[PDB]
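Only the coordinates and a few stated rules stand behind these numbers; no lab work does.
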Amino acid sequence: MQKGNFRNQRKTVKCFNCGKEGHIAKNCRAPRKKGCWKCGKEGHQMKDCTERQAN
RNA sequence: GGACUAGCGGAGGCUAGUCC
Ligand SMILES: [Zn+2]
Ligand SMILES: [Zn+2]
């Protein structure tokens, strides 16, 4: 238990850290970062991918 | 508060509902 919100995993939540699917940044082993899982630039995000569209 | 169901999210919170 502890953190029922974790149930979000029931929707193959996406890791906002690495940008994978199956775990969240919270449950992400990687350190708290902000590397666009699109271009690989640390600072911006996919939503604001200054490289290319967001799928 | 908890747990679910939902739902979205670059941030995981929020609410509702039911239960006490
Ligand atoms: Zn991750
Ligand atoms: Zn980018």
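Listed values, structure above:
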| read-out | value |
| --- | --- |
| For the stretch A:20-34, 3J(HN,Hα) per residue [Karplus equation, 6.51 cos²θ - 1.76 cosθ + 1.60, θ = phi - 60°, Hz, x = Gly/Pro] | 9, 9, x, 7, 9, 3, 4, 9, 7, 6, 4, x, 4, 9, 9 |
| Approximate shape of chain A as ellipsoid semi-axes (Cα gyration tensor, √5λ), whole Å, largest first | 24, 12, 8 |
